[PDB]
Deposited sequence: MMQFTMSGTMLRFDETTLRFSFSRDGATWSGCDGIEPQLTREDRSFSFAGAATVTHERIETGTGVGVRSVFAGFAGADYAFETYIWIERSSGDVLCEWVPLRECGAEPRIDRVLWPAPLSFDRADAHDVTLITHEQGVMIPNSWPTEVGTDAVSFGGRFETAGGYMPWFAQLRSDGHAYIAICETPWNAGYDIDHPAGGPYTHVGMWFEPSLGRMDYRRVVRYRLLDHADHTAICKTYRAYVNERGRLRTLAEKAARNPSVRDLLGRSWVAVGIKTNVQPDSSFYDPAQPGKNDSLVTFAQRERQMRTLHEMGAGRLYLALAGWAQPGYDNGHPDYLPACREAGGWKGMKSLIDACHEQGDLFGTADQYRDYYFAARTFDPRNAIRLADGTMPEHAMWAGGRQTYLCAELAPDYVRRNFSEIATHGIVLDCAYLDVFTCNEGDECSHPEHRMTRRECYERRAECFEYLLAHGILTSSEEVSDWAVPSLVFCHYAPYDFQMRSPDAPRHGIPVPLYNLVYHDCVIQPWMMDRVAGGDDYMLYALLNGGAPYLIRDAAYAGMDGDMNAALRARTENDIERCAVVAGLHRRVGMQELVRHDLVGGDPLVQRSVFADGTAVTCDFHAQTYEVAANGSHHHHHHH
């Protein structure tokens, strides 16, 4: 019905159906017929075309051309909102805006049709490091199987985009320009023949509040590499491509992480009788203690065995024990040797050229915390204070992030008074789990503000010369994050017996390899993959020891191979990644200086060349 042509792009919008298509360089993409743009409330949904009044206006401005649609009245309810869909003159991009005027979820824009029934027609999603889902993929992939329900700014969506790429090189990327109350939905049935992906948006603190915007770029001659580069260029243009070199200009020790092997081990374990981990028929059971002196002797032994340059990330070092008592996670554990033993351990690391970081926690807020007061806690939009008793420390709520920098400043300043000069710090959860929202009147907070406050925690550390790390790499944190516990592939977070959702590809690293340093799992799956092959493809650092929270001479040789590559390319762009001859099981990564890593998953072998 309405047709626009501008700067090489065509947009078509049917006034009656609300469907749209767009075309560029001789490829057309059309919204799925039979999937309507929707609103959701409780157990039921509403097509936008369910509005009592719907008016469309044809627009042209100095910057673009397109259609503004106004929707008013839903079953005598007075809800009203606007959409604006337009071609940007200077780029040929298509922008889609959802504009509140006054709802649990808005599913808009409708997913695009991608049922071509090819084989090499694929969908790219940012659920952890990266997934390439062919239309023929035999495993079902639904939002319910994606971490955090496909929420952006979390492990479900490391980056606020998704893309689909036909086998003839024509592709689109959909970037969510307003990601903080948003996510994607995915529907790929077992065996195909289609995959549908679409944006979702939720209210902020109970109202839709601010305009939601999605930017589509149609590409030709494209590959998953090119699609990732499009996002990288988008991010840099907006000033959030904070490279390691920019980080290192401020904190030169950034460089000292290159070529290090990671050791992540703990001190005190203490499962309270209300934890979901507590076995009441076995009171001792999980409770354990390894002393600072034992960890000191371990580091000395690793050094003497030729483990090379190490980074030690130390968990459960404070009196309450791991996942207990936060944010009152002090002092250093007396039974483990106290501040004196903790300093001895750090001194010893430093003496042998290794680095040291504490693991800590500023979101989980335990009722057992010495200063627990529910006025500091989150209240959800509905007024409630959320609680659960999952972790070792038992009953908890969440500390409102408006207050977290106050506690980080307090705790880290206390640690420094005891002569402990941390190289690094690990703030758990922040860059894996979603940002909370808070309606508490003493500290009201949007999800957006939550990520800013978590970033403010990192900034404190950087300003004090302490390099920042958190659980994963959700890209809100890229400006303030030096490293992570990992940036793993989704299949590495599930049983190796579980069917995978697609072909693993290093989508995150294609954007940000030169911005965030990452250690990689070194596990060998019996009958299956050796995870060292993915560390190499991602030009990552190796774990020498990774003691996962809830439950050598060869390892050193393997770590040396990985750390040697890392020493060279850990600050370089990952320029290209390809499936060699289209074989998903032979993969090749190329870094900025031309170093090429080829991993053959048939043979379980690797080769480093140019």
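Provide the list of deposited-sequence positions lacking C-alpha coordinates, grouped into contiguous ranges. Unobserved in coordinates, per deposited numbering: 103-109, 559-571, 631-640.
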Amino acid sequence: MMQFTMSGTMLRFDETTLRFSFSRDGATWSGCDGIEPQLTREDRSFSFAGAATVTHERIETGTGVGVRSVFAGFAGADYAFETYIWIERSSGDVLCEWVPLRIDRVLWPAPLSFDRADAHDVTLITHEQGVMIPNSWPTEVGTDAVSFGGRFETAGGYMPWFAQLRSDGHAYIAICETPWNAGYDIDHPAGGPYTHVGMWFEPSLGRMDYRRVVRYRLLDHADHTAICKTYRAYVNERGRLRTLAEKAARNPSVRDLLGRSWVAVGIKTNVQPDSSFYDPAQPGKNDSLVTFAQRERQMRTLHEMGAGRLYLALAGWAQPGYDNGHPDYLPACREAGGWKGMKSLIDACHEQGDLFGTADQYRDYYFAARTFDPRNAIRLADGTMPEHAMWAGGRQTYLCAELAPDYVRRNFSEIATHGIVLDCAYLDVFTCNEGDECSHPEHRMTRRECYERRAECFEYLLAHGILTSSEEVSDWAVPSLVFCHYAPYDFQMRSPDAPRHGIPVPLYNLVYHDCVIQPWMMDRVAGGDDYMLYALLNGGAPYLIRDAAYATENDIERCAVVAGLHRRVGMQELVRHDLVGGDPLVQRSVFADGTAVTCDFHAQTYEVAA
From here on, numbers count along this sequence of modelled residues.
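Which of 538-546 and 64-72 has higher mean CA B factor, as the PDB entry lists it: Result: 64-72.
Going by the average Cα B-factor in the PDB entry, point out whether 76-84 or 256-264 comes out higher. The entry gives the higher C-alpha B-factor average to 76-84.
Between 437, 202, 153, 287, which one tops the list for Cα B-factor in this entry? Going by the entry's C-alpha B-factors, 287 comes out highest.
Which one of 558, 568, 577, 58 shows the biggest C-alpha B-factor in the PDB entry? Of 558, 568, 577, 58, 58 has the highest C-alpha B-factor.
Could you place residue 114 in the lowest, middle or highest third of its chain by Cα temperature factor, using the values in the record? CA B-factor rank for residue 114: highest third.
Divide the modelled residues of the chain into thirds by Cα B-factor and specify which third, lowest, middle or highest, holds residue 104. Highest third.
Is the Cα B-factor recorded for residue 364 in the lowest, middle or highest third of its chain? For residue 364, whose C-alpha B-factor we compare with every modelled residue in the chain, the answer is the lowest third.
Pull the Cα B-factor of residue 187 out of the PDB entry and bin it into the chain's lowest, middle or highest third. Residue 187: CA B-factor falls in the middle third of its chain.
Divide the modelled residues of the chain into thirds by Cα B-factor and specify which third, lowest, middle or highest, holds residue 353. CA B-factor rank for residue 353: middle third.
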